[PDB]
Amino acid sequence: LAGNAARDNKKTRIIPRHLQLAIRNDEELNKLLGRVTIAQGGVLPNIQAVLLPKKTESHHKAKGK
Amino acid sequence: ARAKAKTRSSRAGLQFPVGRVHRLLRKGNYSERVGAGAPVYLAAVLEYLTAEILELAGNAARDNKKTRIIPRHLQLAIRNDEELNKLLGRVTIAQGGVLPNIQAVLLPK
Amino acid sequence: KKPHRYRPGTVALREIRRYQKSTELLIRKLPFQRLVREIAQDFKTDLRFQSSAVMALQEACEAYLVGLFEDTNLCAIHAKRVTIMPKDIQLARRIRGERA
Amino acid sequence: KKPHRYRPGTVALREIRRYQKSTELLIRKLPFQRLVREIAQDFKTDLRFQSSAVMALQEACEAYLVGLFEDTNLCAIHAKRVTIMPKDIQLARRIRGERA
Amino acid sequence: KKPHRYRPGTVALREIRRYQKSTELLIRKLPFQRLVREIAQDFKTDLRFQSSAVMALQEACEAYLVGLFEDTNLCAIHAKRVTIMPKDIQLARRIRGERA
Amino acid sequence: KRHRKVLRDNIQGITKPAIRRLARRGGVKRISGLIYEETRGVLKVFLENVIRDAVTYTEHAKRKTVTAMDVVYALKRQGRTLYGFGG
Amino acid sequence: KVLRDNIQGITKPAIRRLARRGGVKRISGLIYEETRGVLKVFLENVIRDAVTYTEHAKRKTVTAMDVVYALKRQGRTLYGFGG
Amino acid sequence: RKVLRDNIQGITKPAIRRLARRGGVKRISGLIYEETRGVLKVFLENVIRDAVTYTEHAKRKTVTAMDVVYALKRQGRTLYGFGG
Amino acid sequence: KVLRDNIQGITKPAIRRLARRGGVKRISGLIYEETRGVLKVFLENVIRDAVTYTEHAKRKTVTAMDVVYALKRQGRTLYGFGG
Amino acid sequence: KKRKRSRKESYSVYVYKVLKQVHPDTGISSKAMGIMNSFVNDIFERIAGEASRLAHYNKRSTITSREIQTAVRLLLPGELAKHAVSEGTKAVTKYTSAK
């Protein structure tokens, strides 16, 4: 799984970032190591769908002149 | 008199043209007769599918961060959702790229 | 005449992308060391810390803060809002079990 | 006033005050024993459940359901509402760390 | 000293990243239009095409070529190789059903 | 042969008034409609997990009867220490 | 036009960029000729289908709608361009 | 020479904002920084107290990364990398 | 009605004879399990389609006509049995 | 100017309303709207063809809610098909309760 995440991120060696990618990608690994935090690594862009730039202006603004 | 005439979308609670669906079912040479609950069922199914696809598209959009929904975000959502990928298997979204889903052999040592 | 300022939403999302696609740190090192030294001064006097120890402490604190902010943002999204609030932080700590 | 018109929301208060001062089992034992047996039939057959295990199972289930309902109510009060919603149970279970 | 010149494969992977993280086109427009015009000349003479038509044709051709290259690369990975081959392309077209 | 076993009349075993009384004992005044189905599903998943743990414990103990001690051990291993029934 | 300068129209860097966008790192030598031949065969089939559709519609111009219809009849549903 | 009052403000507002952005927050309110600093101070106090207890039990006067990892695992946060 | 003596119903000599009729000379060890799993998945899908068709037709018996219809809907037109 | 024209049909307003309902402060582009319309038209045609084939195989001639539900269960996978069936049954119940 770490090699999978590594080729997904493309680097010469296995890094804790790739390890965290693999852990969060594998559902079984995420269920097993739930309370495990990998140092020297970031998170995954797993976000919802509300906080998006899309206000469609929608009047809102007042004095423009 | 005619009193009033509420719209089919207002009486069904959906946001899809039930009248246009019935007209397409009647003029589409699908069958000689068209039922009453069939257009409402089709409209509800289409509305739910559109809502789910729009939610997945917003998910992929915030994953890619842009001001509007683009075909790239639509392809991201389709390839991310396993059900959407199984349903639209032979569907190619123009003006979009693929996903970095690669194995683990072709790597620089 | 205009020196060009900035505004949130879009640049905020670009900063989120820059911070999520990187592996560097955010909290400073020496201020955190002085903070943990001031905290340890209240227990035992003449105490020393380690570089790896304070690094692991900063990493754990960053991860905990990231998780708390994620929970607060989820609470704000569920509450039909697009910003965090101290009441949201309190509710998140109450649900997670950190109130006591 | 009149004994043919009750004000909704007033009898629920008395019901809550009467049920919060008692420790009796709310769920019945017969529909729960069949549930436990039907669930255990999938793992291994020819199983004989004791008379004390089902009671502890029902007590734990009642406690977990009470906690989940309290968390759902606390989450529903936050969004300026007053009643619960299935969109709150999922958020509470995700913040608690059960759905992950 | 050390090889100042970049090692092979690495710049290829950076090009793969640049082409996968973008949404632009790769095949030219007017050469493709001349190709489809020369092909249509063999059927009916004095034929005209549309801009949207040739654009959709180029997009479909790019997608099909991408899929074929992905299949060929998978075949090469399975065959303990790190490069594509005409025999691999032939086997991919034979399995997919585009040949025999 | 005279035969009658258990059916799908089990998810509906937790009656709606029972779930409503549980929500009232917890602290909920008004309960929505789709709350009962989600509560039944969550309870079924939790019961499935606990029963699987108890079955594993009984198979490890070379027995064919689930005991309150094994149930308490499984609940403590999950993260819910229960008192009273057992020791 | 009337030139064999059409199979070579798909330049080698273009096919290489397509293989890189797909997922290929190293491309062999004879890959370009086979790719050009396969693309020419596919374009021939699609253009023949579009010409048949245009002749059935009593027209002399190939439209994006006819191209999409032919692609859907072949087994490749394309979105965006059309509807 | 150090100021015990210049420690809660050590976690600068841009730092907390960058942490919230890395987490998944776009817009951060005003009173969020004070609550975050207080929660971080309480957590650091607990962890440092646990580490001090471990060091006093080990008959030492230096807090080590191994003791920090042991305290974090006892609290319920298993950390990898630094240690083993 | 044993839930365990059905995947092993497709005997190893049967799968070997099928591979020989196809064009395989030497069959590995783990090939039989994968073949049984793929056959079970395909049979599950076809039987689910046939059950849906029978429930739509207000019947309780799966017929060869419904099986042929499901196979044609999946993408495998079979002749002979039916019409 | 000229002797009029002909107007086409689409679902842009319906898609915009659905997007506004499922998400606030939302929006969409022209390409995404066209792709969504094409997907809706394709799914509509596929479900209509499946319902017609089922009605022809059942020796009937009236495509009703049962035929549409069967076509949906045959087209959509599992959880999506179940959710679509539930939504359709709810819509049918609402239409029967109030017209």
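We're sticking with Swiss-Prot numbering for chain C, so the shown stretch reads 37-136, in order.
Going by what the header records, the deposited coordinates were determined by electron microscopy, 8.1 Å.
For all residues, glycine too, the Cβ spot is worked out from N, Cα and C.
What Swiss-Prot lists as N6-methyllysine is C:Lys37, C:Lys57, C:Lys65, C:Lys80 (among others), and the listing cites experimental evidence. What Swiss-Prot lists as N6-acetyllysine is C:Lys57 (among others), and the listing cites experimental evidence. The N6-(beta-hydroxybutyryl)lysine annotation in Swiss-Prot covers C:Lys57, C:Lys123 (among others) and rests on experimental evidence. Under the heading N6-glutaryllysine, Swiss-Prot lists C:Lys57 (among others), citing experimental evidence as support. The annotation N6-crotonyllysine is assigned in Swiss-Prot to C:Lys57 on the grounds of experimental evidence. The phosphoserine annotation in Swiss-Prot covers C:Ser58, C:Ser87. Residues or ranges marked as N6-succinyllysine in Swiss-Prot: C:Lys80 (among others).
Here the features listed in Swiss-Prot are placed on the structure.
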residue: C:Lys37; record: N6-methyllysine; Cβ within 10 Å: 2
residue: C:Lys57; record: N6-methyllysine; Cβ within 10 Å: 11
residue: C:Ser58; record: phosphoserine; Cβ within 10 Å: 12
residue: C:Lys65; record: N6-methyllysine; Cβ within 10 Å: 12
residue: C:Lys80; record: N6-methyllysine; Cβ within 10 Å: 13
residue: C:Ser87; record: phosphoserine; Cβ within 10 Å: 11
residue: C:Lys123; record: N6-(beta-hydroxybutyryl)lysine; Cβ within 10 Å: 13
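C:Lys57 (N6-methyllysine) sits 35 Å from C:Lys37 (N6-methyllysine), taking the Cα positions as reference. Taking only the Cα positions, the spacing between C:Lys80 (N6-methyllysine) and C:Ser87 (phosphoserine) is 19 angstrom.
In sequence order, the modified residues from C:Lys37, C:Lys57, C:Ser58, C:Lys65, C:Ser87, C:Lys123 that place a Cβ under 8 angstroms from a chain G Cβ amount to none. In space, C:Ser87 is the closest of the modified residues C:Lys37, C:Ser87, C:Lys123 to C:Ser58 (phosphoserine), judged by Cα positions. Straight-line distance linking the Cα atoms of C:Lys37 (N6-methyllysine) and C:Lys123 (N6-(beta-hydroxybutyryl)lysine), rounded to a whole number, equals 42 Å. Taking 8 Å as the upper bound (exclusive) on CB-CB distance to chain A, the modified residues C:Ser58, C:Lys65, C:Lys80, C:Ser87 give C:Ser58 in sequence order. The subset of modified residues C:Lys37, C:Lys65, C:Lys80, C:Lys123 lying near chain H, with Cβ atoms under 8 Å apart, consists of C:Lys80. Counting only the Cα atoms, the space from C:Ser87 (phosphoserine) to C:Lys65 (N6-methyllysine) is about 9 angstrom.
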